[PDB]
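A quick write-up on the structure given underneath.
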Amino acid sequence: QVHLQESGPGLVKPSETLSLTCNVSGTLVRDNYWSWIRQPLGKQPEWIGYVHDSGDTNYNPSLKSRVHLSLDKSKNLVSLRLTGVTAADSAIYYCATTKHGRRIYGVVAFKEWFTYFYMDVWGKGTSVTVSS
Amino acid sequence: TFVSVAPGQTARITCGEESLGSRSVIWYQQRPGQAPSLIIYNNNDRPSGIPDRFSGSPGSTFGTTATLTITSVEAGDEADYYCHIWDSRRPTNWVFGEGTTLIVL
Amino acid sequence: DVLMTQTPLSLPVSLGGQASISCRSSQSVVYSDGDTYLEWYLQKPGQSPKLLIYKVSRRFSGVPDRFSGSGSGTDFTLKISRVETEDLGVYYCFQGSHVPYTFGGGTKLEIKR
Amino acid sequence: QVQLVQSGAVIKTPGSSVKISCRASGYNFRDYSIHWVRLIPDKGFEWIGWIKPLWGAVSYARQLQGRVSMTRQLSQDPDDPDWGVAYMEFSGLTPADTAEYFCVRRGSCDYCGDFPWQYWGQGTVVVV
Amino acid sequence: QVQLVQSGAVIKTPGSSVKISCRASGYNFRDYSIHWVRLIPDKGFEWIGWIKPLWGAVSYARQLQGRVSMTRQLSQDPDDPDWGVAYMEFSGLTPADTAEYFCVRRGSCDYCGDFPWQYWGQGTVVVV
Amino acid sequence: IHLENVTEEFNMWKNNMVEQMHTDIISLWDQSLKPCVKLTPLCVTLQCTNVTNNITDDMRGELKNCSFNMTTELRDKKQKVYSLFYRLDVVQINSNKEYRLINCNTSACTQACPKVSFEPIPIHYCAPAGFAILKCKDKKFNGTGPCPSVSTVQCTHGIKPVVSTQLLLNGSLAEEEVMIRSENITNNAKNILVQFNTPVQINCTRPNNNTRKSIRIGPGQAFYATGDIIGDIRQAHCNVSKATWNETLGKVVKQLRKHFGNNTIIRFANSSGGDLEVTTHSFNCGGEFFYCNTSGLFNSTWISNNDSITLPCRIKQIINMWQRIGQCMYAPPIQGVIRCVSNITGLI
Ligand SMILES: *[C@@H]1O[C@H](CO)[C@@H](O[C@@H]2O[C@H](CO)[C@@H](O[C@@H]3O[C@H](CO[C@H]4O[C@H](CO[C@H]5O[C@H](CO)[C@@H](O)[C@H](O)[C@@H]5O)[C@@H](O)[C@H](O[C@H]5O[C@H](CO)[C@@H](O)[C@H](O)[C@@H]5O)[C@@H]4O)[C@@H](O)[C@H](O[C@H]4O[C@H](CO)[C@@H](O)[C@H](O)[C@@H]4O[C@H]4O[C@H](CO)[C@@H](O)[C@H](O)[C@@H]4O[C@H]4O[C@H](CO)[C@@H](O)[C@H](O)[C@@H]4O)[C@@H]3O)[C@H](O)[C@H]2NC(C)=O)[C@H](O)[C@H]1NC(C)=O
Ligand SMILES: *[C@@H]1O[C@H](CO)[C@@H](O[C@@H]2O[C@H](CO)[C@@H](O[C@@H]3O[C@H](CO[C@H]4O[C@H](CO)[C@@H](O)[C@H](O[C@H]5O[C@H](CO)[C@@H](O)[C@H](O)[C@@H]5O)[C@@H]4O)[C@@H](O)[C@H](O[C@H]4O[C@H](CO)[C@@H](O)[C@H](O)[C@@H]4O[C@H]4O[C@H](CO)[C@@H](O)[C@H](O)[C@@H]4O[C@H]4O[C@H](CO)[C@@H](O)[C@H](O)[C@@H]4O)[C@@H]3O)[C@H](O)[C@H]2NC(C)=O)[C@H](O)[C@H]1NC(C)=O
Ligand SMILES: *[C@@H]1O[C@H](CO)[C@@H](O[C@@H]2O[C@H](CO)[C@@H](O[C@@H]3O[C@H](CO[C@H]4O[C@H](CO)[C@@H](O)[C@H](O)[C@@H]4O)[C@@H](O)[C@H](O[C@H]4O[C@H](CO)[C@@H](O)[C@H](O)[C@@H]4O[C@H]4O[C@H](CO)[C@@H](O)[C@H](O)[C@@H]4O)[C@@H]3O)[C@H](O)[C@H]2NC(C)=O)[C@H](O)[C@H]1NC(C)=O
Ligand SMILES: *[C@@H]1O[C@H](CO)[C@@H](O[C@@H]2O[C@H](CO)[C@@H](O[C@@H]3O[C@H](CO[C@H]4O[C@H](CO)[C@@H](O)[C@H](O)[C@@H]4O)[C@@H](O)[C@H](O[C@H]4O[C@H](CO)[C@@H](O)[C@H](O)[C@@H]4O)[C@@H]3O)[C@H](O)[C@H]2NC(C)=O)[C@H](O)[C@H]1NC(C)=O
Ligand SMILES: *[C@@H]1O[C@H](CO)[C@@H](O[C@@H]2O[C@H](CO)[C@@H](O[C@@H]3O[C@H](CO[C@H]4O[C@H](CO)[C@@H](O)[C@H](O)[C@@H]4O)[C@@H](O)[C@H](O)[C@@H]3O)[C@H](O)[C@H]2NC(C)=O)[C@H](O)[C@H]1NC(C)=O
Ligand SMILES: *[C@@H]1O[C@H](CO)[C@@H](O[C@@H]2O[C@H](CO)[C@@H](O[C@@H]3O[C@H](CO)[C@@H](O)[C@H](O)[C@@H]3O)[C@H](O)[C@H]2NC(C)=O)[C@H](O)[C@H]1NC(C)=O
Ligand SMILES: *[C@@H]1O[C@H](CO)[C@@H](O[C@@H]2O[C@H](CO)[C@@H](O[C@@H]3O[C@H](CO)[C@@H](O)[C@H](O)[C@@H]3O)[C@H](O)[C@H]2NC(C)=O)[C@H](O)[C@H]1NC(C)=O
Ligand SMILES: *[C@@H]1O[C@H](CO)[C@@H](O[C@@H]2O[C@H](CO)[C@@H](O)[C@H](O)[C@H]2NC(C)=O)[C@H](O)[C@H]1NC(C)=O
Ligand SMILES: *[C@@H]1O[C@H](CO)[C@@H](O[C@@H]2O[C@H](CO)[C@@H](O)[C@H](O)[C@H]2NC(C)=O)[C@H](O)[C@H]1NC(C)=O
Ligand SMILES: *[C@@H]1O[C@H](CO)[C@@H](O[C@@H]2O[C@H](CO)[C@@H](O)[C@H](O)[C@H]2NC(C)=O)[C@H](O)[C@H]1NC(C)=O
Ligand SMILES: *[C@@H]1O[C@H](CO)[C@@H](O[C@@H]2O[C@H](CO)[C@@H](O)[C@H](O)[C@H]2NC(C)=O)[C@H](O)[C@H]1NC(C)=O
Ligand SMILES: *[C@@H]1O[C@H](CO)[C@@H](O)[C@H](O)[C@H]1NC(C)=O
């Protein structure tokens, strides 16, 4: 039994570093991957990326510089830092656990396989809005 | 992109680009106002909590579009569906597919 | 050397049952006349070996309507409907194809019990 | 191998004109004649015509003249000279012409005639 | 005639890598193997390796593996098929490797072996 | 027919009829290329790009997607058409990235006719009137010196012509032992022909599903290119069994110790170098040439007391067999996933 809870400012002035946090319940921060997702209103979601200990911290190459994912092993939380909020950044954001798994289609030793991700449970959201 | 088929009937919800190689598609759903929830995590594999009759097109087929087949639909099935294809040839899709909407009588 | 191989070696077969013995060569048995020269034989303890078949399926005169040879090229097989007490003993394949001549390895027929 | 592949069964109307193809593969198509024969229930076999695919010279059954027509298509490439297509446009369709049609080829032996039809298409059922 | 023309004598440093060419002319270069041999003062001759210039299959001395490398260049024109070039990249240079290097070819007789090295390059002196 | 009380010394190394067969198969290989299409109009500037495939900087793709102008049936008009090529067939001429074929600067190339095949059919060499062919019927025979049991024969037995550099395939097995053969074993420039008794089955395949594409060059001229890849882009390979290969290596060590002492370490290595079709074993499988790496097989060392090996291949489309001066062959692509089964018989 896990459920997540985000927290953030909600009102953002532009050209300012957005930051968010995410609590835990049940399962700690080391025991699984973590991921951040954003979704605009009436739109498909946008998977911002994933973070884990030991370098498993790949980002969306569209943003690739103005986003930095982080953990909190002292307090057992997940956190996010963003940079340079524009008008498109107003979206509901999600911390979530995800699980890997190898799709193998050819010879294993010839690197003819890949690892897909899938998010099993989710957060609840923070309606972040940029306005002056 | 809204598909409705009287309650109890069948529905075939297509999503995403036509396949190029081997794929591992992931199907999500979205009740209005809520968070998402996974329904299918492989081509035809579901976790606990979600029941059967939610079949998915296999990834071994070459040059077809990802489908999601539901039989015996209900008002709880009325949500926004999403596909996330993982093709062995195209690069990584950091954004999901197009939002497909189901409605019921 | 056109060394012959016999499979299988031992065959416990109840009297009245069926039996079949396979032989394999290392070359073709075909001679210039077109007639491959294969000769299926007998052996009983305390007696001389005797003929069964002197060609592919042309048996020697003195053989009942049960024995037959079959096969092609390099792989050949015997066929017996009913096994008798006279049909016991050791059987053999043989090439009369070309010098040097080779026999098989001997096949003992026994009774199931 | 020698293969004869026809088209699927077709439903037509009276007064129409059916076109049935017969793709042949596995031999030099310019050498052997192609015959067409029909099978009617309660009437048995009946011969329709032949076509020699080298030039396309045809000969028809006498009681089917004015209705039937036969053409062919050869293979013009130095890589696949084997395959070819025969056709039959059977016109003036009546309800009596509901039948199964076959395109056949003779054997390749020395004492084979023309009419000892060795190889057979799978048949095409025409219902009017 | 059969001619073997090497490069000039060269002075290298320890730890460097020398490349020595051997242009051959006057025979069909794809047929005969090219051997490489060295001459050290107070040590005599020592064999290095051979190369078959048809495909470039080489074989090295056992105590020189990891250091030596041999390639060739063929002549691709229907006017001069005779000439060709062999090479030797001798690497991991030590002060002991100061020596005179020769590229040789066997004879063309019937009872000639491979090692009766008939034709000889003029030699290339390498001082480290 | 057998022939008794006779001692004819044989010699496979100064043997004739292997000289004239090597002449005859080359000459007949040339005689099966005169009716075929020359690729003179195809030496042209290529505008190549990467194939649609997940791309990583470290990795290098084996295929390129090359578009180019090409002539048509009509001399006034021309057409933009694309194909897929291997890395080994194209080189870069020098922003933009434009290529050309490798053989353009040395030789106009000849497409193989897709009608004719490359599979071996067994030749029986026959002696004319006034000659005879003797055959050593002896078992333990290193091919030099006396053979006590010879026999004349009308024609030789089935000699299927395999083209293979290392690991000669579909050959004739020995009678009972494993026999190594050389002209002078103490010499090293002479090869050591190994022939072993029980064959090793090898399974080689190409998992790609190619689509060919007829491109007209001129009147009655068809160039068979590669269209789309249908399915996964994968790398071709060969499989042998681990147990049977280690067993046959044990046999050849046991037989190589007859000449080199019993207290001798025998180890193997991969090739020292050379061109691609001598560093690794080349063959043909259903009409397409493989250059399949053998560093996995020949890695061992030996002391005086359901797995398999996947070894990866490469595919060229042009070839330069027997290393002529102005001759090459553009082997056309073939449809579908290709696989074949062969028995490894001997070694070099
Ligand atoms: C030379 O030798 C080399 C090697 O020495 C050979 O190389 C091999 O070549 C083959 C084929 O070329 C490759 O096969 C692929 O393998 C993958 C991986 O298979 C493994 O994983 C599967 C799933 O893992 C699950 O179970 C394991 C424990 O079993 C567990 O650890 C894991 O976490 C997970 O829970 C296993 O099922 C699979 O076992 C299979 O094989 C066993 C061997 O005998 C057998 O005992 C089992 O019963 C089972 O049959 C193995 O452990 C395969 O996944 C892949 O197959 C998929 O992909 C191809 C791509 O086109 C597709 O055509 C197939 O139909 C199949 O696709 C189905 O599965 C997908 C899985 O997600 C699914 O997404 C698809 O939609 C599709 O699913 C649909 O159909 C199935 C029913 O078929 C149904 O279940 C679904 O619900 C849905 O309806 C390939 O088979 C080898 O990887 C490769 N290398 C090695 C080391 O073997 C080479 O071929 C040789 N060369 C020659 C010439 O011989
Ligand atoms: C298969 O065969 C095809 C058939 O030949 C072949 O297609 C042809 O390929 C060539 C080269 O790739 C093409 O030439 C180029 O054409 C570009 C398109 O411009 C055309 O269309 C415009 C409408 O959109 C017209 O307005 C335009 O006309 C104008 O420009 C002319 C330029 O000289 C001028 O003479 C006219 O009077 C008029 O003013 C033209 O008809 C064209 O844009 C291109 O020029 C530059 O632009 C590109 C960016 O768009 C650059 O990337 C490119 O490299 C060119 O840069 C040039 O200029 C730079 C700055 O000066 C220099 O630094 C560069 O080095 C370069 O200079 C070279 O080119 C100059 C001519 O532009 C030349 O004068 C210099 O000496 C130097 O050599 C370029 O002209 C041609 O149009 C194609 N034809 C067709 C029908 O497609 C195809 O490539 C083959 N392969 C394949 C795979 O299909
Ligand atoms: C070592 O020795 C082994 C033993 O012979 C050898 O393996 C054999 O290799 C050959 C050539 O690769 C294989 O022959 C091919 O087989 C397939 C399968 O069909 C045959 O088998 C089935 C079932 O056994 C039979 O029902 C069927 O009738 C066939 O006999 C065929 O697809 C191939 O046919 C094509 O190539 C021929 C080349 O002459 C053509 O004549 C033929 O018409 C086909 O070409 C046409 O069709 C293609 C597809 O439509 C098209 O793309 C072409 O352009 C063309 O139009 C061929 O018969 C044989 O099966 C192998 N045997 C086994 C047991 O695996 C090894 O190759 C050999 N090793 C080496 C290195 O040579
Ligand atoms: C090697 O590289 C070459 C480069 O030229 C590739 O050739 C092109 O490949 C692309 C993509 O594979 C082709 O683009 C597709 O063409 C389809 C058919 O074209 C018709 O329709 C378009 C309208 O889009 C017309 O303009 C055209 O005249 C034809 O009538 C289209 O149906 C495709 O559209 C689909 O995808 C787009 C993606 O943006 C969607 O937006 C659409 O809604 C639709 O779903 C697409 O445009 C292109 O045609 C190829 N060119 C040629 C000359 O063939 C090779 O494919 C490549 N090969 C390999 C193996 O990588
Ligand atoms: C026909 O054109 C072909 C395509 O250009 C030629 O094939 C290639 O030719 C080059 C020679 O120009 C061969 O060598 C390459 O050379 C460059 C530069 O050479 C320098 O670096 C090498 C590195 O060892 C050094 O040895 C030289 O002395 C130079 O200092 C290198 O960057 C390359 O890596 C490569 O070494 C190519 O090997 C060759 N290609 C192949 C596949 O062999 C071909 O030679 C031309 N033929 C004729 C008859 O004109
Ligand atoms: C390959 O096998 C052949 C025979 O099948 C070998 O040829 C013969 O080998 C024997 C030794 O095994 C040689 O005998 C020697 O003869 C000299 C002079 O007669 C004698 O002084 C020695 O003491 C010894 O007995 C024999 O000469 C030789 N014959 C020929 C024609 O070569 C051959 O040596 C084998 N190959 C290798 C590399 O060993
Ligand atoms: C025989 O086996 C040895 C070792 O198993 C092979 O040596 C290895 O060869 C590879 C490629 O030739 C070397 O990889 C490196 O590739 C990069 C590519 O850019 C290049 O920059 C490097 O200089 C190097 O070539 C690898 O380091 C090398 N390993 C050793 C220990 O030498 C050898 O290739 C095999 N022989 C054949 C014919 O395959
Ligand atoms: C497209 O292909 C080109 C080359 O064909 C790629 O450019 C280089 O590719 C090599 C290996 O193929 C890499 O090691 C280099 O790092 C690549 N160059 C750069 C600047 O990254 C290129 O990456 C391919 N992809 C695209 C999108 O152009
Ligand atoms: C390679 O791809 C081709 C794509 O056409 C496959 O051919 C099709 O196969 C299906 C299934 O058997 C048939 O229904 C189609 O009629 C075929 N089309 C054509 C044009 O042949 C082919 O099967 C694939 N090969 C493999 C081994 O998967
Ligand atoms: C090479 O491929 C052949 C298939 O043609 C394999 O032979 C079969 O292997 C399976 C194992 O999956 C056995 O169950 C069959 O009985 C085998 N058939 C025959 C006729 O032998 C063979 O195993 C493959 N070899 C290797 C080394 O992988
Ligand atoms: C040749 O065989 C040896 C072992 O017999 C292989 O050595 C392996 O080397 C890697 C280092 O990269 C080790 O991680 C493995 O444990 C070694 N294997 C064993 C069994 O110890 C070597 O890879 C082989 N050569 C090639 C080219 O594959
Ligand atoms: C080599 O080994 C065999 C048996 O394996 C033995 O009979 C023979 O004497 C040995 N020879 C030498 C020189 O050790």
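Letters for chains follow the order of the structure tokens (A, B, ...), residue numbers begin at 1 for each chain, and ligand numbers begin at 1 in the order shown.
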At a cut-off of 8 Å, using only C-alpha atoms, what residues contact residue 18 of chain C? Leave out same-chain residues fewer than 4 positions from it and give the result as number ranges by chain.
C: 13, 79-83
Show me which bits of chain B are within 10 Å of chain F, counting only C-alpha atoms, as an MDAnalysis selection string.
chainID B and resid 19:23 60:63 87:92
Selection as a CSV table (one decimal) with C-alpha atoms, in the first residue's frame: residues within 7 Å of ligand 8 by only C-alpha atoms and all ligand atoms:
```
chain,number,residue,atom,x,y,z
F,49,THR,CA,22.2,9.0,-44.5
F,50,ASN,CA,21.6,6.8,-41.5
F,55,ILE,CA,21.0,5.6,-32.8
F,57,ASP,CA,27.0,7.6,-30.8
F,58,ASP,CA,29.3,4.8,-29.7
F,59,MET,CA,27.7,2.3,-32.0
F,60,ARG,CA,28.1,2.2,-35.8
F,61,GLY,CA,25.3,1.1,-38.1
```
Environment of ligand 7 within 7 Å, counting only C-alpha atoms and all ligand atoms, reported as a list in words
residues 269, 270, 271, 272, 273, 279, 280, 293 and 295 of chain F
Store the residues of this selection in a file with N, CA, C and O atoms, as a JSON list (two decimals), in the first residue's frame.
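Wrote selection-v8.json, looks like this:
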```json
[["chain", "number", "residue", "atom", "x", "y", "z"],
["F", 269, "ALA", "N", 44.71, -19.32, -31.47],
["F", 269, "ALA", "CA", 44.49, -17.89, -31.45],
["F", 269, "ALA", "C", 43.63, -17.53, -32.65],
["F", 269, "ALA", "O", 43.35, -18.37, -33.51],
["F", 270, "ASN", "N", 43.19, -16.28, -32.71],
["F", 270, "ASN", "CA", 42.57, -15.80, -33.92],
["F", 270, "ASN", "C", 43.64, -15.38, -34.92],
["F", 270, "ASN", "O", 44.84, -15.51, -34.67],
["F", 271, "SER", "N", 43.21, -14.86, -36.07],
["F", 271, "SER", "CA", 44.13, -14.56, -37.15],
["F", 271, "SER", "C", 44.97, -13.33, -36.83],
["F", 271, "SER", "O", 44.54, -12.42, -36.12],
["F", 272, "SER", "N", 46.19, -13.31, -37.37],
["F", 272, "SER", "CA", 47.10, -12.21, -37.10],
["F", 272, "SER", "C", 46.70, -10.95, -37.85],
["F", 272, "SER", "O", 46.98, -9.84, -37.39],
["F", 273, "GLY", "N", 46.05, -11.09, -38.99],
["F", 273, "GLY", "CA", 45.64, -9.93, -39.76],
["F", 273, "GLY", "C", 45.63, -10.25, -41.24],
["F", 273, "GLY", "O", 45.94, -11.36, -41.66],
["F", 279, "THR", "N", 41.14, -12.88, -42.59],
["F", 279, "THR", "CA", 41.17, -12.86, -41.13],
["F", 279, "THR", "C", 40.05, -13.68, -40.54],
["F", 279, "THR", "O", 40.15, -14.12, -39.39],
["F", 280, "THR", "N", 38.98, -13.88, -41.29],
["F", 280, "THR", "CA", 37.86, -14.67, -40.82],
["F", 280, "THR", "C", 37.29, -15.47, -41.97],
["F", 280, "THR", "O", 37.61, -15.24, -43.14],
["F", 293, "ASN", "N", 33.11, -13.85, -37.88],
["F", 293, "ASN", "CA", 34.29, -13.77, -37.01],
["F", 293, "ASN", "C", 34.50, -15.05, -36.21],
["F", 293, "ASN", "O", 33.55, -15.60, -35.65],
["F", 295, "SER", "N", 36.93, -15.45, -33.56],
["F", 295, "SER", "CA", 37.75, -15.34, -32.36],
["F", 295, "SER", "C", 37.15, -16.12, -31.21],
["F", 295, "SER", "O", 37.84, -16.37, -30.22]]
```
At what distance in Å, to one decimal, does atom CA of residue 40 of chain C lie from atom CA of residue 55 of chain C?
8.1 Å
List the spatial neighbours of residue 98 of chain C as a list in words - criterion: any atom at most 9 Å away, only C-alpha atoms, same-chain residues fewer than 6 positions off excluded.
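Listing them by chain and then by number gives residues 2, 29, 30, 31 and 37 of chain C; 1 and 2 of chain F.
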Show me, as a PDB file with C-alpha atoms, in the first residue's frame, the residues that have an atom within 10 Å of residue 75 of chain C when counting only C-alpha atoms, minus same-chain residues fewer than 3 positions from it.
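Generated output (around-v8.pdb):
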```pdb
ATOM      1  CA  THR C   5      27.286 -50.624 -39.006  1.00  0.00           C
ATOM      2  CA  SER C  22      18.998 -51.777 -39.816  1.00  0.00           C
ATOM      3  CA  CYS C  23      22.389 -51.466 -41.499  1.00  0.00           C
ATOM      4  CA  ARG C  24      24.341 -48.456 -42.717  1.00  0.00           C
ATOM      5  CA  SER C  25      27.345 -48.217 -45.031  1.00  0.00           C
ATOM      6  CA  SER C  26      30.094 -45.634 -45.405  1.00  0.00           C
ATOM      7  CA  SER C  28      27.350 -46.451 -51.830  1.00  0.00           C
ATOM      8  CA  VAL C  29      26.995 -50.194 -52.365  1.00  0.00           C
ATOM      9  CA  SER C  70      14.513 -53.037 -48.087  1.00  0.00           C
ATOM     10  CA  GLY C  71      16.308 -49.712 -48.228  1.00  0.00           C
ATOM     11  CA  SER C  72      18.315 -47.592 -50.622  1.00  0.00           C
TER      12      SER C  72
END
```
Taking only C-alpha atoms and all ligand atoms into account, report as a list in words which residues have an atom no farther than 6 Å from an atom of ligand 5.
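The distance check yields residues 76 of chain E; 102, 105 and 106 of chain F.
Among E:93, E:109, E:64, E:74, the residue with the shortest atom-to-atom distance to chain F, counting only C-alpha atoms, is E:74.
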Around ligand 3, which protein and nucleic acid residues have at least one atom no more than 8 Å from it, if we count only C-alpha atoms and all ligand atoms? List them as a list in words.
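Using only C-alpha atoms and all ligand atoms, I find these residues within 8 Å of ligand 3: residues 1 and 80 of chain D; 114, 115, 116, 117, 118, 119, 120, 162, 163, 164, 169, 170, 283, 284, 285, 286, 287, 334, 335, 336, 339, 340, 341, 342 and 343 of chain F.
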What would the file look like if the residues just selected were written as a PDB file, in the first residue's frame with C-alpha atoms?
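Result went into again.pdb, see below:
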```pdb
ATOM      1  CA  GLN D   1       7.186 -27.986 -59.322  1.00  0.00           C
ATOM      2  CA  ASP D  80      12.079 -14.827 -64.298  1.00  0.00           C
TER       3      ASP D  80
ATOM      4  CA  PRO F 114      19.533 -13.529 -60.000  1.00  0.00           C
ATOM      5  CA  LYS F 115      18.428 -16.376 -62.263  1.00  0.00           C
ATOM      6  CA  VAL F 116      21.683 -18.316 -61.842  1.00  0.00           C
ATOM      7  CA  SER F 117      22.526 -19.735 -58.410  1.00  0.00           C
ATOM      8  CA  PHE F 118      25.769 -20.225 -56.508  1.00  0.00           C
ATOM      9  CA  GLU F 119      25.062 -23.540 -54.783  1.00  0.00           C
ATOM     10  CA  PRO F 120      27.546 -26.410 -55.191  1.00  0.00           C
ATOM     11  CA  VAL F 162      32.605 -24.914 -51.610  1.00  0.00           C
ATOM     12  CA  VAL F 163      34.029 -21.417 -51.412  1.00  0.00           C
ATOM     13  CA  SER F 164      35.405 -20.979 -47.897  1.00  0.00           C
ATOM     14  CA  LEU F 169      32.379 -26.899 -45.228  1.00  0.00           C
ATOM     15  CA  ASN F 170      30.305 -29.828 -46.536  1.00  0.00           C
ATOM     16  CA  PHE F 283      31.226 -18.453 -47.142  1.00  0.00           C
ATOM     17  CA  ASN F 284      28.004 -18.265 -49.108  1.00  0.00           C
ATOM     18  CA  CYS F 285      24.593 -19.150 -47.669  1.00  0.00           C
ATOM     19  CA  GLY F 286      21.713 -19.207 -50.113  1.00  0.00           C
ATOM     20  CA  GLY F 287      23.310 -16.596 -52.342  1.00  0.00           C
ATOM     21  CA  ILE F 334      17.611 -11.973 -51.614  1.00  0.00           C
ATOM     22  CA  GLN F 335      14.162 -11.937 -50.055  1.00  0.00           C
ATOM     23  CA  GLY F 336      13.271 -12.897 -46.525  1.00  0.00           C
ATOM     24  CA  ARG F 339      19.426 -19.478 -42.949  1.00  0.00           C
ATOM     25  CA  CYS F 340      21.357 -22.594 -43.884  1.00  0.00           C
ATOM     26  CA  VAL F 341      22.834 -25.669 -42.230  1.00  0.00           C
ATOM     27  CA  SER F 342      26.299 -26.996 -42.977  1.00  0.00           C
ATOM     28  CA  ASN F 343      28.654 -29.604 -41.588  1.00  0.00           C
TER      29      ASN F 343
END
```
